[PDB]
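See below for run-v7.tsv, which holds TSV, N, CA, C and O atoms.
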```tsv
chain	number	residue	atom	x	y	z
W	1	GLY	N	138.72	76.96	88.56
W	1	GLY	CA	138.42	75.61	88.00
W	1	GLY	C	136.93	75.30	88.17
W	1	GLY	O	136.42	75.29	89.27
W	2	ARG	N	136.24	75.05	87.09
W	2	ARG	CA	134.79	74.74	87.20
W	2	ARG	C	134.51	73.37	86.57
W	2	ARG	O	134.31	73.25	85.38
W	3	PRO	N	134.50	72.32	87.41
W	3	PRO	CA	134.26	70.95	86.95
W	3	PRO	C	132.80	70.75	86.53
W	3	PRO	O	131.89	71.33	87.08
W	4	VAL	N	132.56	69.92	85.54
W	4	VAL	CA	131.17	69.68	85.09
W	4	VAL	C	130.74	68.26	85.46
W	4	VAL	O	131.51	67.32	85.34
W	5	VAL	N	129.53	68.09	85.91
W	5	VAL	CA	129.07	66.72	86.29
W	5	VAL	C	129.15	65.80	85.08
W	5	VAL	O	129.46	64.63	85.20
W	6	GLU	N	128.88	66.31	83.91
W	6	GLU	CA	128.94	65.46	82.69
W	6	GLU	C	130.16	65.85	81.85
W	6	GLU	O	130.38	67.01	81.56
W	7	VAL	N	130.96	64.89	81.47
W	7	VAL	CA	132.17	65.20	80.66
W	7	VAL	C	132.25	64.25	79.47
W	7	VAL	O	133.31	63.87	79.03
W	8	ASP	N	131.12	63.85	78.94
W	8	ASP	CA	131.13	62.91	77.78
W	8	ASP	C	130.45	63.58	76.58
W	8	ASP	O	129.41	64.20	76.72
W	9	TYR	N	131.02	63.46	75.42
W	9	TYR	CA	130.40	64.09	74.22
W	9	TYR	C	129.70	63.01	73.39
W	9	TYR	O	130.10	61.87	73.37
W	10	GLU	N	128.65	63.37	72.70
W	10	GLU	CA	127.91	62.37	71.88
W	10	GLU	C	127.61	62.97	70.50
W	10	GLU	O	127.85	64.13	70.25
W	11	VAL	N	127.08	62.18	69.61
W	11	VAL	CA	126.76	62.70	68.25
W	11	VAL	C	125.36	63.33	68.26
W	11	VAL	O	124.48	62.89	68.97
W	12	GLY	N	125.15	64.35	67.48
W	12	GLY	CA	123.81	65.00	67.44
W	12	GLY	C	123.81	66.22	68.37
W	12	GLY	O	122.93	67.05	68.32
W	13	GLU	N	124.80	66.32	69.22
W	13	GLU	CA	124.85	67.49	70.16
W	13	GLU	C	125.53	68.67	69.46
W	13	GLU	O	126.36	68.49	68.58
W	14	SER	N	125.19	69.87	69.84
W	14	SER	CA	125.82	71.06	69.20
W	14	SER	C	126.94	71.59	70.10
W	14	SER	O	126.81	71.65	71.30
W	15	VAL	N	128.05	71.97	69.52
W	15	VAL	CA	129.18	72.49	70.34
W	15	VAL	C	129.83	73.66	69.61
W	15	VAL	O	129.81	73.75	68.39
W	16	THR	N	130.42	74.57	70.33
W	16	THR	CA	131.08	75.74	69.68
W	16	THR	C	132.55	75.42	69.42
W	16	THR	O	133.24	74.89	70.27
W	17	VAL	N	133.04	75.73	68.25
W	17	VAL	CA	134.46	75.44	67.94
W	17	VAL	C	135.37	76.33	68.80
W	17	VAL	O	135.20	77.53	68.85
W	18	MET	N	136.32	75.75	69.47
W	18	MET	CA	137.23	76.56	70.32
W	18	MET	C	138.65	76.52	69.75
W	18	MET	O	139.47	77.37	70.05
W	19	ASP	N	138.94	75.55	68.93
W	19	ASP	CA	140.31	75.47	68.34
W	19	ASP	C	140.20	75.18	66.84
W	19	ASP	O	139.30	74.49	66.39
W	20	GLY	N	141.11	75.70	66.06
W	20	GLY	CA	141.06	75.45	64.59
W	20	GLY	C	140.70	76.75	63.87
W	20	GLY	O	140.58	77.80	64.48
W	21	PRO	N	140.53	76.68	62.54
W	21	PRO	CA	140.18	77.85	61.72
W	21	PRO	C	138.72	78.27	61.93
W	21	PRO	O	138.35	79.39	61.64
W	22	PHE	N	137.90	77.38	62.42
W	22	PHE	CA	136.47	77.73	62.64
W	22	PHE	C	136.26	78.16	64.10
W	22	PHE	O	135.15	78.31	64.55
W	23	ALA	N	137.33	78.34	64.83
W	23	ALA	CA	137.19	78.75	66.25
W	23	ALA	C	136.14	79.86	66.37
W	23	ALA	O	136.15	80.82	65.63
W	24	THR	N	135.23	79.72	67.30
W	24	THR	CA	134.17	80.76	67.48
W	24	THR	C	133.08	80.54	66.44
W	24	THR	O	132.64	81.47	65.78
W	25	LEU	N	132.62	79.33	66.29
W	25	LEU	CA	131.54	79.05	65.30
W	25	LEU	C	130.72	77.85	65.77
W	25	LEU	O	131.22	76.94	66.38
W	26	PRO	N	129.41	77.87	65.47
W	26	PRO	CA	128.49	76.79	65.86
W	26	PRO	C	128.75	75.51	65.06
W	26	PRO	O	128.81	75.52	63.85
W	27	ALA	N	128.91	74.40	65.73
W	27	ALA	CA	129.17	73.12	65.01
W	27	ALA	C	128.40	71.99	65.68
W	27	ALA	O	127.98	72.10	66.82
W	28	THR	N	128.20	70.90	64.99
W	28	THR	CA	127.46	69.76	65.60
W	28	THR	C	128.36	68.52	65.63
W	28	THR	O	128.90	68.11	64.62
W	29	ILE	N	128.53	67.93	66.78
W	29	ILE	CA	129.40	66.72	66.88
W	29	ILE	C	128.84	65.61	65.99
W	29	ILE	O	127.74	65.14	66.20
W	30	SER	N	129.57	65.20	65.00
W	30	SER	CA	129.08	64.12	64.10
W	30	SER	C	129.77	62.81	64.45
W	30	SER	O	129.16	61.76	64.47
W	31	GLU	N	131.05	62.86	64.73
W	31	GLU	CA	131.78	61.61	65.08
W	31	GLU	C	132.70	61.88	66.27
W	31	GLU	O	133.34	62.91	66.35
W	32	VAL	N	132.77	60.97	67.20
W	32	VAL	CA	133.65	61.18	68.38
W	32	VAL	C	134.58	59.97	68.55
W	32	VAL	O	134.19	58.85	68.31
W	33	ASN	N	135.79	60.19	68.98
W	33	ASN	CA	136.73	59.06	69.16
W	33	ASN	C	137.28	59.07	70.59
W	33	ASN	O	138.34	59.60	70.86
W	34	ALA	N	136.56	58.50	71.52
W	34	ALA	CA	137.04	58.48	72.93
W	34	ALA	C	138.30	57.62	73.03
W	34	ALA	O	139.16	57.85	73.85
W	35	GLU	N	138.41	56.62	72.20
W	35	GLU	CA	139.62	55.74	72.25
W	35	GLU	C	140.88	56.58	72.04
W	35	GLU	O	141.85	56.44	72.75
W	36	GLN	N	140.86	57.46	71.08
W	36	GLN	CA	142.06	58.32	70.83
W	36	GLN	C	141.83	59.70	71.44
W	36	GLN	O	142.53	60.65	71.13
W	37	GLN	N	140.86	59.83	72.30
W	37	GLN	CA	140.59	61.16	72.92
W	37	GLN	C	140.41	62.21	71.83
W	37	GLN	O	140.86	63.33	71.95
W	38	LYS	N	139.76	61.85	70.75
W	38	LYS	CA	139.56	62.83	69.64
W	38	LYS	C	138.06	63.01	69.39
W	38	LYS	O	137.28	62.10	69.60
W	39	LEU	N	137.66	64.17	68.95
W	39	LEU	CA	136.21	64.40	68.69
W	39	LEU	C	136.04	64.99	67.28
W	39	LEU	O	136.89	65.70	66.78
W	40	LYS	N	134.94	64.70	66.65
W	40	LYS	CA	134.70	65.23	65.28
W	40	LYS	C	133.41	66.05	65.26
W	40	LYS	O	132.41	65.66	65.84
W	41	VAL	N	133.41	67.18	64.61
W	41	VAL	CA	132.18	68.01	64.56
W	41	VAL	C	131.97	68.54	63.14
W	41	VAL	O	132.87	69.08	62.53
W	42	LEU	N	130.79	68.38	62.61
W	42	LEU	CA	130.52	68.86	61.22
W	42	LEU	C	130.14	70.34	61.27
W	42	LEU	O	129.44	70.79	62.16
W	43	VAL	N	130.59	71.11	60.31
W	43	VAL	CA	130.25	72.56	60.30
W	43	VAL	C	129.29	72.85	59.15
W	43	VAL	O	129.42	72.31	58.07
W	44	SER	N	128.33	73.70	59.37
W	44	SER	CA	127.36	74.03	58.28
W	44	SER	C	127.68	75.41	57.70
W	44	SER	O	127.83	76.37	58.42
W	45	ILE	N	127.79	75.50	56.41
W	45	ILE	CA	128.10	76.82	55.78
W	45	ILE	C	127.29	76.97	54.50
W	45	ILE	O	126.99	76.01	53.82
W	46	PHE	N	126.93	78.18	54.15
W	46	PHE	CA	126.13	78.39	52.91
W	46	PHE	C	126.67	77.49	51.79
W	46	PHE	O	127.73	77.72	51.25
W	47	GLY	N	125.94	76.46	51.45
W	47	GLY	CA	126.40	75.54	50.38
W	47	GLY	C	127.90	75.27	50.54
W	47	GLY	O	128.67	75.42	49.61
W	48	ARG	N	128.32	74.87	51.71
W	48	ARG	CA	129.76	74.59	51.93
W	48	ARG	C	129.94	73.72	53.18
W	48	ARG	O	130.99	73.70	53.79
W	49	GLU	N	128.92	73.01	53.56
W	49	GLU	CA	129.03	72.14	54.77
W	49	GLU	C	130.33	71.35	54.70
W	49	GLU	O	130.56	70.58	53.79
W	50	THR	N	131.20	71.52	55.67
W	50	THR	CA	132.49	70.78	55.65
W	50	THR	C	132.76	70.20	57.04
W	50	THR	O	132.82	70.92	58.02
W	51	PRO	N	132.93	68.87	57.12
W	51	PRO	CA	133.20	68.19	58.39
W	51	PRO	C	134.61	68.49	58.91
W	51	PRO	O	135.57	68.50	58.16
W	52	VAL	N	134.75	68.74	60.18
W	52	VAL	CA	136.09	69.04	60.74
W	52	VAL	C	136.34	68.17	61.97
W	52	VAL	O	135.45	67.92	62.75
W	53	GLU	N	137.55	67.72	62.16
W	53	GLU	CA	137.86	66.87	63.34
W	53	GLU	C	138.54	67.72	64.42
W	53	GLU	O	139.27	68.65	64.11
W	54	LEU	N	138.33	67.41	65.66
W	54	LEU	CA	138.97	68.19	66.75
W	54	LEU	C	139.23	67.29	67.96
W	54	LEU	O	138.84	66.14	67.97
W	55	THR	N	139.89	67.79	68.96
W	55	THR	CA	140.17	66.96	70.16
W	55	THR	C	139.25	67.39	71.31
W	55	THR	O	138.73	68.48	71.32
W	56	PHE	N	139.04	66.53	72.27
W	56	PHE	CA	138.15	66.89	73.41
W	56	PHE	C	138.62	68.20	74.03
W	56	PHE	O	139.81	68.44	74.18
W	57	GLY	N	137.71	69.06	74.39
W	57	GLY	CA	138.10	70.36	75.00
W	57	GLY	C	138.14	71.44	73.91
W	57	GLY	O	137.99	72.62	74.19
W	58	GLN	N	138.32	71.06	72.68
W	58	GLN	CA	138.37	72.06	71.58
W	58	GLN	C	136.94	72.54	71.28
W	58	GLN	O	136.73	73.38	70.42
W	59	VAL	N	135.97	72.01	71.96
W	59	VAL	CA	134.56	72.44	71.71
W	59	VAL	C	133.87	72.74	73.04
W	59	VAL	O	134.19	72.15	74.06
W	60	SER	N	132.94	73.65	73.05
W	60	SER	CA	132.23	73.98	74.32
W	60	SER	C	130.74	73.66	74.17
W	60	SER	O	130.13	73.96	73.16
W	61	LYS	N	130.15	73.06	75.16
W	61	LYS	CA	128.70	72.72	75.08
W	61	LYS	C	127.87	74.00	75.22
W	61	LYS	O	128.29	74.96	75.84
W	62	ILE	N	126.70	74.02	74.66
W	62	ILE	CA	125.84	75.24	74.76
W	62	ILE	C	124.71	74.98	75.76
W	62	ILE	O	124.28	73.84	75.85
```

structure tokens encoding of this file:
Amino acid sequence: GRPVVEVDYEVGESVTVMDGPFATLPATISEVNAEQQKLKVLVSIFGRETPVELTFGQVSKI
């Protein structure tokens, strides 16, 4: 178990997708929902930028 001093996500930060079809891909948190414990991260793709929503823990900080 490795606890982190900071456990809050914000917009503008970059995180790696850990769950979903983009798992294992660089993404940037665009919208976060602490009220519902949900997080949103936009993904950039060659002329295919598509926003994806995820839950806390589904992303790893770099």

Requested in this report: Check the smallest atom-to-atom distance from each of W:56, W:51, W:46, W:62 to residue 9 in chain W using only C-alpha atoms, then report the winner.
Outcome: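 That would be W:56, the residue with the smallest distance to residue 9 in chain W.
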
Query raised in the report: Which residues come within 6 Å of residue 55 in chain W, counting only N, CA, C and O atoms, excluding same-chain residues fewer than 5 positions away, as an MDAnalysis selection string?
Result: chainID W and resid 37:39

Quick one: write out the picked residues with N, CA, C and O atoms as a PDB file, in the frame of the given file?
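See part.pdb below for the written result:
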```
ATOM      1  N   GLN W  37     140.860  59.830  72.300  1.00  0.00           N
ATOM      2  CA  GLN W  37     140.590  61.160  72.920  1.00  0.00           C
ATOM      3  C   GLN W  37     140.410  62.210  71.830  1.00  0.00           C
ATOM      4  O   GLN W  37     140.860  63.330  71.950  1.00  0.00           O
ATOM      5  N   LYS W  38     139.760  61.850  70.750  1.00  0.00           N
ATOM      6  CA  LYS W  38     139.560  62.830  69.640  1.00  0.00           C
ATOM      7  C   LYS W  38     138.060  63.010  69.390  1.00  0.00           C
ATOM      8  O   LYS W  38     137.280  62.100  69.600  1.00  0.00           O
ATOM      9  N   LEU W  39     137.660  64.170  68.950  1.00  0.00           N
ATOM     10  CA  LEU W  39     136.210  64.400  68.690  1.00  0.00           C
ATOM     11  C   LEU W  39     136.040  64.990  67.280  1.00  0.00           C
ATOM     12  O   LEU W  39     136.890  65.700  66.780  1.00  0.00           O
TER      13      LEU W  39
END
```

Query raised in the report: Running DSSP on the backbone, which parts of chain W land in strand (DSSP E), as a PyMOL selection string?
Result: chain W and resi 14-17+26-33+38-43+50-55+59-61

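Between atom N of residue 16 in chain W and atom C of residue 61 in chain W lies a distance of 5.5 Å.
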
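For the pair atom N of residue 29 in chain W and atom C of residue 11 in chain W, the separation is 5.8 Å.
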
Report task. For residue 53 in chain W, work out the shell of residues within 7 Å, counting all atoms listed in the file and skipping chain neighbours fewer than 4 positions away, then give it as an MDAnalysis selection string. Result -> chainID W and resid 19 31 38:42

Query raised in the report: Which neighbours of residue 17 in chain W fall inside 7 Å, counting only N, CA, C and O atoms, when residues of the same chain fewer than 3 positions from it are skipped, and could you give them as number ranges by chain?
Result: W: 20, 22-27, 58-60

Query raised in the report: If you measure from CA of residue 57 in chain W to CA of residue 13 in chain W, what distance in Å do you get, rounded to one decimal?
Result: 14.4 Å

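Between residue 15 in chain W and the residues W:34, W:28, W:45, W:2, the shortest atom-to-atom distance, using all atoms listed in the file, involves W:28.
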